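**Student:** File follows, target.tsv with TSV, C-alpha atoms and all ligand atoms:
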chain	number	residue	atom	x	y	z
K	12	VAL	CA	0.24	-33.94	-11.58
K	13	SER	CA	-1.29	-32.74	-8.30
K	14	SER	CA	1.30	-29.97	-8.57
K	15	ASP	CA	-1.22	-28.51	-10.99
K	16	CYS	CA	-3.20	-27.95	-7.78
K	17	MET	CA	-0.93	-27.77	-4.79
K	18	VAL	CA	0.63	-24.51	-5.87
K	19	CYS	CA	-2.62	-22.97	-4.66
K	20	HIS	CA	-4.33	-25.63	-2.56
K	21	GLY	CA	-1.21	-26.05	-0.55
K	22	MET	CA	0.41	-29.26	0.49
K	23	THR	CA	0.56	-31.50	3.56
K	24	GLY	CA	2.74	-28.91	5.31
K	25	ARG	CA	1.50	-25.74	3.62
K	26	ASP	CA	-2.04	-24.31	3.80
K	27	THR	CA	-3.74	-23.00	0.63
K	28	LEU	CA	-2.26	-19.85	-0.97
K	29	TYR	CA	-5.05	-17.59	0.28
K	30	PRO	CA	-8.16	-17.71	2.52
K	31	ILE	CA	-10.29	-17.91	-0.66
K	32	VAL	CA	-8.58	-21.10	-1.82
K	33	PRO	CA	-10.33	-23.93	-0.02
K	34	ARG	CA	-8.53	-26.80	1.57
K	35	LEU	CA	-9.28	-30.03	-0.29
K	36	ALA	CA	-7.90	-32.69	2.04
K	37	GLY	CA	-10.60	-35.15	3.05
K	38	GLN	CA	-13.32	-33.48	0.99
K	39	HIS	CA	-15.74	-36.15	-0.25
K	40	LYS	CA	-15.03	-37.67	-3.65
K	41	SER	CA	-18.44	-37.03	-5.17
K	42	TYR	CA	-18.26	-33.44	-4.01
K	43	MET	CA	-14.76	-32.80	-5.38
K	44	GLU	CA	-15.83	-34.50	-8.55
K	45	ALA	CA	-18.99	-32.41	-8.83
K	46	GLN	CA	-17.06	-29.17	-8.34
K	47	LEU	CA	-14.34	-30.01	-10.84
K	48	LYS	CA	-16.96	-30.94	-13.42
K	49	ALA	CA	-18.91	-27.77	-12.61
K	50	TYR	CA	-15.81	-25.66	-13.15
K	51	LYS	CA	-15.09	-27.54	-16.34
K	52	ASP	CA	-18.56	-26.97	-17.80
K	53	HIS	CA	-18.64	-23.53	-16.17
K	54	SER	CA	-21.81	-24.42	-14.26
K	55	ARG	CA	-20.11	-23.09	-11.12
K	56	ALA	CA	-19.52	-19.54	-12.23
K	57	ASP	CA	-18.82	-17.59	-9.07
K	58	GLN	CA	-15.98	-15.07	-9.56
K	59	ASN	CA	-13.07	-16.93	-7.93
K	60	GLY	CA	-14.18	-20.09	-9.67
K	61	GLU	CA	-14.09	-18.48	-13.08
K	62	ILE	CA	-10.72	-16.85	-12.42
K	63	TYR	CA	-8.83	-19.60	-10.61
K	64	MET	CA	-10.55	-22.84	-11.58
K	65	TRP	CA	-12.07	-22.62	-15.05
K	66	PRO	CA	-8.57	-22.52	-16.50
K	67	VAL	CA	-7.16	-25.55	-14.73
K	68	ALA	CA	-10.48	-27.43	-14.97
K	69	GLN	CA	-10.58	-26.91	-18.72
K	70	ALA	CA	-7.61	-29.26	-18.95
K	71	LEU	CA	-9.22	-32.05	-16.97
K	72	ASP	CA	-10.96	-35.15	-18.31
K	73	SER	CA	-13.41	-37.44	-16.50
K	74	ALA	CA	-10.53	-39.73	-15.55
K	75	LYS	CA	-8.40	-37.02	-13.95
K	76	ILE	CA	-11.34	-35.37	-12.26
K	77	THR	CA	-12.05	-38.69	-10.59
K	78	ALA	CA	-8.37	-39.37	-9.97
K	79	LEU	CA	-7.93	-36.00	-8.31
K	80	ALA	CA	-11.19	-36.23	-6.39
K	81	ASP	CA	-9.91	-39.52	-5.02
K	82	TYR	CA	-6.47	-38.13	-4.23
K	83	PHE	CA	-7.51	-35.14	-2.14
K	84	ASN	CA	-10.33	-37.08	-0.48
K	85	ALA	CA	-7.66	-39.43	0.87
K	86	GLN	CA	-5.16	-36.69	1.80
K	87	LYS	CA	-4.03	-36.63	5.41
K	88	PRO	CA	-4.37	-34.81	7.62
K	89	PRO	CA	-7.87	-33.90	6.37
K	90	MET	CA	-8.52	-30.14	6.26
K	91	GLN	CA	-7.90	-28.76	9.74
K	92	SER	CA	-8.09	-25.46	11.53
K	93	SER	CA	-4.92	-23.47	10.94
K	94	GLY	CA	-5.06	-22.33	14.55
K	95	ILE	CA	-5.97	-18.76	13.63
K	96	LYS	CA	-8.62	-17.61	16.09
K	97	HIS	CA	-11.89	-16.38	14.59
K	98	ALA	CA	-14.52	-14.65	16.75
K	99	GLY	CA	-18.01	-16.13	16.84
K	100	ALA	CA	-17.29	-19.88	17.16
K	101	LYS	CA	-20.03	-20.29	19.79
K	102	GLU	CA	-22.44	-18.27	17.69
K	103	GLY	CA	-21.60	-20.27	14.60
K	104	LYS	CA	-21.92	-23.53	16.48
K	105	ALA	CA	-25.48	-22.75	17.57
K	106	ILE	CA	-26.26	-21.75	13.99
K	107	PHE	CA	-24.69	-24.80	12.44
K	108	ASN	CA	-26.38	-27.27	14.79
K	109	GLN	CA	-29.61	-25.47	15.68
K	110	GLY	CA	-30.09	-22.95	12.91
K	111	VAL	CA	-32.18	-19.88	13.74
K	112	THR	CA	-35.91	-20.45	13.50
K	113	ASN	CA	-37.33	-16.92	13.46
K	114	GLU	CA	-34.72	-15.94	10.90
K	115	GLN	CA	-35.54	-19.03	8.88
K	116	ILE	CA	-31.93	-20.18	8.87
K	117	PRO	CA	-31.80	-23.99	8.49
K	118	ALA	CA	-29.79	-26.11	10.88
K	119	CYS	CA	-26.68	-26.71	8.74
K	120	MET	CA	-25.92	-30.06	10.32
K	121	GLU	CA	-28.94	-31.70	8.73
K	122	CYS	CA	-26.96	-31.80	5.53
K	123	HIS	CA	-23.36	-31.10	6.49
K	124	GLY	CA	-23.49	-33.61	9.30
K	125	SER	CA	-23.36	-33.43	13.06
K	126	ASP	CA	-20.07	-31.54	12.97
K	127	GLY	CA	-19.58	-30.33	9.42
K	128	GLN	CA	-18.08	-33.58	8.17
K	129	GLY	CA	-20.48	-33.61	5.24
K	130	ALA	CA	-21.18	-36.70	3.17
K	131	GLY	CA	-20.92	-37.42	-0.52
K	132	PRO	CA	-22.37	-34.47	-2.48
K	133	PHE	CA	-22.78	-32.61	0.82
K	134	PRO	CA	-19.30	-31.10	1.41
K	135	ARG	CA	-17.29	-31.27	4.57
K	136	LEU	CA	-17.11	-27.81	6.06
K	137	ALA	CA	-15.23	-28.82	9.19
K	138	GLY	CA	-11.69	-27.48	8.90
K	139	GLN	CA	-12.42	-25.41	5.82
K	140	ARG	CA	-10.80	-21.96	5.66
K	141	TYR	CA	-12.65	-19.12	7.34
K	142	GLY	CA	-12.57	-16.67	4.45
K	143	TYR	CA	-13.43	-19.43	2.03
K	144	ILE	CA	-16.61	-20.31	3.90
K	145	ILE	CA	-17.66	-16.66	4.16
K	146	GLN	CA	-16.87	-16.22	0.48
K	147	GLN	CA	-18.99	-19.16	-0.55
K	148	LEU	CA	-21.88	-18.10	1.68
K	149	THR	CA	-21.60	-14.70	0.01
K	150	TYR	CA	-21.70	-16.34	-3.45
K	151	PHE	CA	-24.70	-18.45	-2.42
K	152	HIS	CA	-26.46	-15.49	-0.85
K	153	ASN	CA	-25.54	-13.50	-3.97
K	154	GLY	CA	-26.70	-16.20	-6.34
K	155	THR	CA	-23.38	-15.99	-8.16
K	156	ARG	CA	-22.61	-19.54	-7.09
K	157	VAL	CA	-25.71	-21.32	-8.36
K	158	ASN	CA	-27.10	-24.15	-6.28
K	159	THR	CA	-30.79	-24.51	-5.56
K	160	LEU	CA	-30.13	-25.91	-2.07
K	161	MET	CA	-27.56	-23.41	-0.86
K	162	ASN	CA	-29.02	-20.45	-2.71
K	163	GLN	CA	-32.18	-21.12	-0.72
K	164	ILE	CA	-30.30	-21.89	2.50
K	165	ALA	CA	-28.17	-18.72	2.31
K	166	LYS	CA	-31.10	-16.43	1.52
K	167	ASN	CA	-31.43	-15.16	5.08
K	168	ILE	CA	-27.90	-15.50	6.37
K	169	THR	CA	-26.40	-12.14	7.28
K	170	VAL	CA	-22.70	-11.29	6.89
K	171	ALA	CA	-22.41	-11.38	10.68
K	172	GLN	CA	-23.77	-14.95	10.89
K	173	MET	CA	-21.66	-16.05	7.91
K	174	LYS	CA	-18.66	-15.05	10.01
K	175	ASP	CA	-19.90	-17.04	12.99
K	176	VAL	CA	-20.62	-20.20	11.10
K	177	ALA	CA	-17.27	-19.72	9.34
K	178	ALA	CA	-15.40	-19.16	12.60
K	179	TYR	CA	-16.99	-22.29	14.03
K	180	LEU	CA	-16.48	-24.52	10.98
K	181	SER	CA	-12.88	-23.45	10.35
K	182	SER	CA	-12.02	-24.23	13.95
K	183	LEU	CA	-12.97	-27.88	13.59
K	201	LIG	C1	-6.06	-29.64	-11.32
K	201	LIG	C2	-5.64	-29.06	-9.94
K	201	LIG	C3	-6.78	-28.54	-9.10
K	201	LIG	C4	-7.86	-29.21	-8.60
K	201	LIG	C5	-8.23	-30.68	-8.71
K	201	LIG	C6	-8.66	-28.23	-7.91
K	201	LIG	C7	-9.86	-28.53	-7.30
K	201	LIG	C8	-10.68	-27.62	-6.67
K	201	LIG	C9	-11.95	-27.96	-6.08
K	201	LIG	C10	-12.55	-29.35	-6.06
K	201	LIG	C11	-12.45	-26.79	-5.59
K	201	LIG	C12	-13.76	-26.57	-4.87
K	201	LIG	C13	-13.67	-26.86	-3.36
K	201	LIG	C14	-14.87	-26.64	-2.63
K	201	LIG	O1	-15.97	-26.39	-3.16
K	201	LIG	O2	-14.75	-26.69	-1.36
K	201	LIG	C15	-11.48	-25.76	-5.88
K	201	LIG	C16	-11.60	-24.41	-5.55
K	201	LIG	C17	-10.66	-23.40	-5.83
K	201	LIG	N1	-9.48	-23.60	-6.48
K	201	LIG	FE1	-8.76	-25.28	-7.19
K	201	LIG	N2	-8.08	-26.97	-7.96
K	201	LIG	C18	-6.92	-27.16	-8.67
K	201	LIG	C19	-6.01	-26.15	-8.97
K	201	LIG	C20	-6.12	-24.84	-8.61
K	201	LIG	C21	-5.15	-23.82	-8.95
K	201	LIG	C22	-3.90	-24.09	-9.73
K	201	LIG	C23	-5.65	-22.67	-8.43
K	201	LIG	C24	-5.08	-21.24	-8.48
K	201	LIG	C25	-4.83	-20.72	-9.93
K	201	LIG	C26	-6.87	-22.99	-7.78
K	201	LIG	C27	-7.67	-22.09	-7.14
K	201	LIG	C28	-8.89	-22.36	-6.54
K	201	LIG	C29	-9.71	-21.34	-5.91
K	201	LIG	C30	-9.34	-19.88	-5.82
K	201	LIG	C31	-10.82	-21.99	-5.50
K	201	LIG	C32	-12.04	-21.45	-4.84
K	201	LIG	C33	-12.85	-20.76	-6.05
K	201	LIG	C34	-14.23	-20.59	-5.88
K	201	LIG	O3	-14.64	-19.90	-4.93
K	201	LIG	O4	-15.06	-21.08	-6.70
K	201	LIG	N3	-7.17	-24.31	-7.89
K	201	LIG	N4	-10.41	-26.28	-6.53
K	202	LIG	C1	-27.01	-22.12	7.34
K	202	LIG	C2	-26.63	-23.63	7.23
K	202	LIG	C3	-25.61	-23.92	6.19
K	202	LIG	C4	-24.39	-23.36	5.99
K	202	LIG	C5	-23.66	-22.28	6.75
K	202	LIG	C6	-23.87	-23.99	4.80
K	202	LIG	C7	-22.65	-23.65	4.24
K	202	LIG	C8	-22.15	-24.19	3.09
K	202	LIG	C9	-20.87	-23.81	2.49
K	202	LIG	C10	-19.93	-22.79	3.03
K	202	LIG	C11	-20.77	-24.57	1.37
K	202	LIG	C12	-19.68	-24.58	0.36
K	202	LIG	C13	-18.63	-25.65	0.61
K	202	LIG	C14	-17.51	-25.57	-0.20
K	202	LIG	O1	-17.42	-24.81	-1.17
K	202	LIG	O2	-16.57	-26.35	0.11
K	202	LIG	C15	-21.96	-25.40	1.30
K	202	LIG	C16	-22.23	-26.32	0.29
K	202	LIG	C17	-23.35	-27.13	0.19
K	202	LIG	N1	-24.37	-27.13	1.08
K	202	LIG	FE1	-24.56	-26.05	2.71
K	202	LIG	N2	-24.75	-24.93	4.30
K	202	LIG	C18	-25.81	-24.90	5.17
K	202	LIG	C19	-26.93	-25.70	5.07
K	202	LIG	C20	-27.18	-26.62	4.11
K	202	LIG	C21	-28.37	-27.43	4.02
K	202	LIG	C22	-29.50	-27.36	5.03
K	202	LIG	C23	-28.22	-28.16	2.89
K	202	LIG	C24	-29.16	-29.19	2.23
K	202	LIG	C25	-30.61	-28.64	2.01
K	202	LIG	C26	-26.96	-27.83	2.33
K	202	LIG	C27	-26.46	-28.38	1.18
K	202	LIG	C28	-25.26	-28.07	0.58
K	202	LIG	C29	-24.79	-28.67	-0.66
K	202	LIG	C30	-25.54	-29.71	-1.44
K	202	LIG	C31	-23.62	-28.09	-0.91
K	202	LIG	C32	-22.68	-28.30	-2.07
K	202	LIG	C33	-23.22	-27.51	-3.35
K	202	LIG	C34	-22.64	-27.93	-4.56
K	202	LIG	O3	-22.92	-29.08	-5.05
K	202	LIG	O4	-21.83	-27.18	-5.18
K	202	LIG	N3	-26.32	-26.88	3.06
K	202	LIG	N4	-22.78	-25.17	2.34
K	203	ZN	ZN	-15.98	-39.90	0.49
K	204	ZN	ZN	-8.24	-19.88	8.25
K	205	ZN	ZN	-28.74	-9.76	0.99
Just dump the structure as structure tokens.

**Tutor:**
Amino acid sequence: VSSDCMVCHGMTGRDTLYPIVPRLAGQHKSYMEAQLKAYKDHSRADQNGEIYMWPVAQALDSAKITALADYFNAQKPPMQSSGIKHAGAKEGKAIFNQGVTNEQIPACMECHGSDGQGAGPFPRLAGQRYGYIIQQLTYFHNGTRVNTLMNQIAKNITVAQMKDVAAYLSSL
């Protein structure tokens, strides 16, 4: 019953309910799967996750998690820019692809791929919602969304740069 999801995550013709609800279309299976399991075992405990995903995840078994992961991964069209213009695309592009050395900000593409397509456990960011990206970078920077990799990666990202990388990524 994907309509246990689509109310919020939207549907082929409707975006997600709010900027903080990430698009799922085309997200990699292993990633989707990891998140759903994290929500289920509460390992991903950032605020929005606790509030809007622990509940629904609690009613998911290994089989459904995988079924769902598969479903959204195949969804078409994969998560795309809504068309809403976000300032900083250029800035964010340089950050995503080149990172910022003196600020010790890693080049995002090394893990998220040449253009935010991601791969397996490394999530696609291309086409993700602007607010959602900023929100997750905030959670990673905050430490409220626990992930050794991203907690370390987000350590030096400022709110301003989060917006740039978000603008860029959500425009893809
Ligand atoms: C069983 C159906 C659902 C599935 C499979 C599902 C799956 C997911 C996945 C895999 C993510 C993480 C995406 C990412 O990291 O990019 C996510 C995030 C989210 N979902 Fe769902 N979801 C479902 C239903 C819902 C519903 C019904 C709501 C609203 C009550 C909801 C609200 C959210 C929100 C707000 C987030 C982002 C939370 C956060 O920042 O941690 N989801 N969902
Ligand atoms: C400043 C560059 C980077 C930015 C802006 C960035 C941004 C993000 C965002 C917004 C997410 C959340 C995706 C979602 O919820 O759908 C994410 C997840 C992730 N990123 Fe990055 N990232 C960057 C660099 C990296 C690097 C260099 C690595 C590998 C060392 C990495 C590994 C990951 C992994 C593994 C996840 C998924 C975490 C999980 O399993 O829950 N990221 N990243
Ligand atoms: Zn895949
Ligand atoms: Zn957007
Ligand atoms: Zn700080």

**Student:** Residues near residue K:86, anyone? I mean within 8 Å using only C-alpha atoms, not counting same-chain ones fewer than 6 positions away, as a PyMOL selection string.

**Tutor:** chain K and resi 23+36-37

**Student:** Those selected residues, please, written with C-alpha atoms and delivered as a compact mmCIF listing (two decimals), keeping the file's coordinate frame.

**Tutor:**
# COMPACT_ATOMS: atom_id res chain seq x y z
CA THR K 23 0.56 -31.50 3.56
CA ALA K 36 -7.90 -32.69 2.04
CA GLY K 37 -10.60 -35.15 3.05

**Student:** May I have a table of the residues of chain K lying at most 7 Å from ligand ZN 203 (chain K), giving each one's closest pair of atoms and their distance in Å to one decimal, counting only C-alpha atoms and all ligand atoms, ordered by chain and ascending residue number, as a Markdown table?

**Tutor:**
| residue | atom | partner | partner_atom | distance |
| --- | --- | --- | --- | --- |
| K:38 | CA | K:ZN203 | ZN | 7.0 |
| K:39 | CA | K:ZN203 | ZN | 3.8 |
| K:40 | CA | K:ZN203 | ZN | 4.8 |
| K:41 | CA | K:ZN203 | ZN | 6.8 |
| K:84 | CA | K:ZN203 | ZN | 6.4 |
| K:130 | CA | K:ZN203 | ZN | 6.7 |
| K:131 | CA | K:ZN203 | ZN | 5.6 |

**Student:** Between atom CA of residue K:16 and atom CA of residue K:134, what is the distance in Å, rounded to a tenth?

**Tutor:**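 Atom-to-atom, atom CA of residue K:16 to atom CA of residue K:134, that is 18.8 Å.
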
**Student:** Determine the nearest neighbour of residue K:152 from the options K:51, K:57, K:87, K:63, counting only C-alpha atoms.

**Tutor:**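 Checking each of K:51, K:57, K:87, K:63 against residue K:152, counting only C-alpha atoms, the winner is K:57.
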
**Student:** Which polymer residues have any atom within 9 Å of an atom of residue K:64, counting all atoms listed in the file, with same-chain residues fewer than 5 positions away left out, as a compact mmCIF listing (two decimals) with C-alpha atoms, keeping the file's coordinate frame?

**Tutor:**
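Everything below was put into selection33.txt:
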# COMPACT_ATOMS: atom_id res chain seq x y z
CA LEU K 47 -14.34 -30.01 -10.84
CA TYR K 50 -15.81 -25.66 -13.15
CA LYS K 51 -15.09 -27.54 -16.34
CA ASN K 59 -13.07 -16.93 -7.93
CA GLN K 69 -10.58 -26.91 -18.72

**Student:** Compile a residue-level contact table for chain K against ligand ZN 204 (chain K) at a cut-off of 12 Å, reporting for every qualifying residue the shortest atom pair and its distance in Å to one decimal, with all atoms listed in the file counted, rows ordered by chain and ascending number, as JSON lines.

**Tutor:**
{"residue": "K:26", "atom": "CA", "partner": "K:ZN204", "partner_atom": "ZN", "distance": 8.8}
{"residue": "K:27", "atom": "CA", "partner": "K:ZN204", "partner_atom": "ZN", "distance": 9.4}
{"residue": "K:28", "atom": "CA", "partner": "K:ZN204", "partner_atom": "ZN", "distance": 11.0}
{"residue": "K:29", "atom": "CA", "partner": "K:ZN204", "partner_atom": "ZN", "distance": 8.9}
{"residue": "K:30", "atom": "CA", "partner": "K:ZN204", "partner_atom": "ZN", "distance": 6.1}
{"residue": "K:31", "atom": "CA", "partner": "K:ZN204", "partner_atom": "ZN", "distance": 9.4}
{"residue": "K:32", "atom": "CA", "partner": "K:ZN204", "partner_atom": "ZN", "distance": 10.1}
{"residue": "K:33", "atom": "CA", "partner": "K:ZN204", "partner_atom": "ZN", "distance": 9.4}
{"residue": "K:34", "atom": "CA", "partner": "K:ZN204", "partner_atom": "ZN", "distance": 9.6}
{"residue": "K:90", "atom": "CA", "partner": "K:ZN204", "partner_atom": "ZN", "distance": 10.5}
{"residue": "K:91", "atom": "CA", "partner": "K:ZN204", "partner_atom": "ZN", "distance": 9.0}
{"residue": "K:92", "atom": "CA", "partner": "K:ZN204", "partner_atom": "ZN", "distance": 6.5}
{"residue": "K:93", "atom": "CA", "partner": "K:ZN204", "partner_atom": "ZN", "distance": 5.6}
{"residue": "K:94", "atom": "CA", "partner": "K:ZN204", "partner_atom": "ZN", "distance": 7.5}
{"residue": "K:95", "atom": "CA", "partner": "K:ZN204", "partner_atom": "ZN", "distance": 5.9}
{"residue": "K:96", "atom": "CA", "partner": "K:ZN204", "partner_atom": "ZN", "distance": 8.2}
{"residue": "K:97", "atom": "CA", "partner": "K:ZN204", "partner_atom": "ZN", "distance": 8.1}
{"residue": "K:98", "atom": "CA", "partner": "K:ZN204", "partner_atom": "ZN", "distance": 11.8}
{"residue": "K:137", "atom": "CA", "partner": "K:ZN204", "partner_atom": "ZN", "distance": 11.4}
{"residue": "K:138", "atom": "CA", "partner": "K:ZN204", "partner_atom": "ZN", "distance": 8.4}
{"residue": "K:139", "atom": "CA", "partner": "K:ZN204", "partner_atom": "ZN", "distance": 7.3}
{"residue": "K:140", "atom": "CA", "partner": "K:ZN204", "partner_atom": "ZN", "distance": 4.2}
{"residue": "K:141", "atom": "CA", "partner": "K:ZN204", "partner_atom": "ZN", "distance": 4.6}
{"residue": "K:142", "atom": "CA", "partner": "K:ZN204", "partner_atom": "ZN", "distance": 6.6}
{"residue": "K:143", "atom": "CA", "partner": "K:ZN204", "partner_atom": "ZN", "distance": 8.1}
{"residue": "K:144", "atom": "CA", "partner": "K:ZN204", "partner_atom": "ZN", "distance": 9.4}
{"residue": "K:145", "atom": "CA", "partner": "K:ZN204", "partner_atom": "ZN", "distance": 10.8}
{"residue": "K:174", "atom": "CA", "partner": "K:ZN204", "partner_atom": "ZN", "distance": 11.6}
{"residue": "K:177", "atom": "CA", "partner": "K:ZN204", "partner_atom": "ZN", "distance": 9.1}
{"residue": "K:178", "atom": "CA", "partner": "K:ZN204", "partner_atom": "ZN", "distance": 8.4}
{"residue": "K:179", "atom": "CA", "partner": "K:ZN204", "partner_atom": "ZN", "distance": 10.8}
{"residue": "K:180", "atom": "CA", "partner": "K:ZN204", "partner_atom": "ZN", "distance": 9.8}
{"residue": "K:181", "atom": "CA", "partner": "K:ZN204", "partner_atom": "ZN", "distance": 6.2}
{"residue": "K:182", "atom": "CA", "partner": "K:ZN204", "partner_atom": "ZN", "distance": 8.1}
{"residue": "K:183", "atom": "CA", "partner": "K:ZN204", "partner_atom": "ZN", "distance": 10.7}

**Student:** So, counting all atoms listed in the file, which residue among K:78, K:116, K:122, K:164 is closest to ligand LIG 201 (chain K)?

**Tutor:** K:78

**Student:** Distance limit 8 Å, reference ligand ZN 205 (chain K), atoms considered: only C-alpha atoms and all ligand atoms. Which residues make the cut? Give them as a ChimeraX atom specification.

**Tutor:** /K:152-153,166-169

**Student:** From the set K:56, K:35, K:68, K:100, which residue has the shortest atom-to-atom contact distance to residue K:81, counting only C-alpha atoms?

**Tutor:**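 The answer is K:35, which sits nearest to residue K:81.
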
**Student:** Please give the centre and size of the box around ligand LIG 201 (chain K) (axis-aligned, containing every atom listed in the file, 4 Å added per side), with values in Å to one decimal and written as JSON.

**Tutor:**
{"center_x": -9.9, "center_y": -25.3, "center_z": -6.3, "size_x": 20.1, "size_y": 18.8, "size_z": 18.0}

**Student:** Pick out the residues no farther than 6 Å from ligand LIG 202 (chain K), counting all atoms listed in the file, and list them as a count of residues only.

**Tutor:** 18

**Student:** Have a look at K:20, K:53, K:101, K:25 and name the one nearest to ligand LIG 201 (chain K); count only C-alpha atoms and all ligand atoms.

**Tutor:**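 Ranked by minimum distance to ligand LIG 201 (chain K), first place goes to K:20.
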
**Student:** Tell me, in Å to one decimal, how far atom FE1 of ligand LIG 201 (chain K) is from atom CA of residue K:120.

**Tutor:**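 Calculated distance between atom FE1 of ligand LIG 201 (chain K) and atom CA of residue K:120 is 25.0 Å.
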
**Student:** Quick one: of K:74, K:85, K:105, K:17, who's nearest to ligand LIG 201 (chain K), counting all atoms listed in the file?

**Tutor:** K:17

**Student:** Which residue out of K:136, K:42, K:55, K:115 has the minimum interatomic distance to residue K:163 when all atoms listed in the file are used?

**Tutor:**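 Once distances to residue K:163 are computed over all atoms listed in the file, the minimum belongs to K:115.
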
**Student:** Tell me, in Å to one decimal, how far atom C11 of ligand LIG 201 (chain K) is from atom CA of residue K:126.

**Tutor:**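 Atom-to-atom, atom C11 of ligand LIG 201 (chain K) and atom CA of residue K:126 are spaced 20.6 Å apart.
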
**Student:** Taking N, CA and C atoms as the atom set, what does stretch 56-74 of chain K look like once completed, written as a JSON list (two decimals), in the coordinates of the input?

**Tutor:**
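The resulting rebuild07.json:
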[["chain", "number", "residue", "atom", "x", "y", "z"],
["K", 56, "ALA", "N", -20.08, -20.75, -11.67],
["K", 56, "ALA", "CA", -19.52, -19.54, -12.23],
["K", 56, "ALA", "C", -19.28, -18.40, -11.26],
["K", 57, "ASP", "N", -19.09, -18.69, -9.98],
["K", 57, "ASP", "CA", -18.82, -17.59, -9.07],
["K", 57, "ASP", "C", -17.44, -17.04, -9.47],
["K", 58, "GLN", "N", -17.23, -15.76, -9.21],
["K", 58, "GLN", "CA", -15.98, -15.07, -9.56],
["K", 58, "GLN", "C", -14.67, -15.83, -9.38],
["K", 59, "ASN", "N", -14.33, -16.22, -8.16],
["K", 59, "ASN", "CA", -13.07, -16.93, -7.93],
["K", 59, "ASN", "C", -12.99, -18.22, -8.72],
["K", 60, "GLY", "N", -14.15, -18.84, -8.93],
["K", 60, "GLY", "CA", -14.18, -20.09, -9.67],
["K", 60, "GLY", "C", -13.83, -19.86, -11.13],
["K", 61, "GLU", "N", -14.37, -18.79, -11.69],
["K", 61, "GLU", "CA", -14.09, -18.48, -13.08],
["K", 61, "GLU", "C", -12.61, -18.17, -13.24],
["K", 62, "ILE", "N", -12.12, -17.29, -12.38],
["K", 62, "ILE", "CA", -10.72, -16.85, -12.42],
["K", 62, "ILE", "C", -9.67, -17.89, -12.11],
["K", 63, "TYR", "N", -9.83, -18.62, -11.01],
["K", 63, "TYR", "CA", -8.83, -19.60, -10.61],
["K", 63, "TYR", "C", -9.09, -21.07, -10.86],
["K", 64, "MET", "N", -10.28, -21.43, -11.34],
["K", 64, "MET", "CA", -10.55, -22.84, -11.58],
["K", 64, "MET", "C", -10.99, -23.20, -12.99],
["K", 65, "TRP", "N", -11.64, -22.28, -13.69],
["K", 65, "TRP", "CA", -12.07, -22.62, -15.05],
["K", 65, "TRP", "C", -10.86, -22.99, -15.87],
["K", 66, "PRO", "N", -9.77, -22.22, -15.74],
["K", 66, "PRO", "CA", -8.57, -22.52, -16.50],
["K", 66, "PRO", "C", -8.05, -23.93, -16.27],
["K", 67, "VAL", "N", -7.68, -24.23, -15.03],
["K", 67, "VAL", "CA", -7.16, -25.55, -14.73],
["K", 67, "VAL", "C", -8.17, -26.68, -14.98],
["K", 68, "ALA", "N", -9.46, -26.40, -14.77],
["K", 68, "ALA", "CA", -10.48, -27.43, -14.97],
["K", 68, "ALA", "C", -10.60, -27.78, -16.44],
["K", 69, "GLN", "N", -10.48, -26.76, -17.28],
["K", 69, "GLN", "CA", -10.58, -26.91, -18.72],
["K", 69, "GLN", "C", -9.63, -27.98, -19.26],
["K", 70, "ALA", "N", -8.58, -28.27, -18.51],
["K", 70, "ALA", "CA", -7.61, -29.26, -18.95],
["K", 70, "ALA", "C", -7.78, -30.58, -18.22],
["K", 71, "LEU", "N", -8.97, -30.82, -17.69],
["K", 71, "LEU", "CA", -9.22, -32.05, -16.97],
["K", 71, "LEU", "C", -10.27, -32.90, -17.67],
["K", 72, "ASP", "N", -10.03, -34.21, -17.70],
["K", 72, "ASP", "CA", -10.96, -35.15, -18.31],
["K", 72, "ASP", "C", -11.64, -35.91, -17.18],
["K", 73, "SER", "N", -12.68, -36.67, -17.51],
["K", 73, "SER", "CA", -13.41, -37.44, -16.50],
["K", 73, "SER", "C", -12.47, -38.26, -15.62],
["K", 74, "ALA", "N", -11.50, -38.90, -16.26],
["K", 74, "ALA", "CA", -10.53, -39.73, -15.55],
["K", 74, "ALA", "C", -9.71, -38.98, -14.51]]
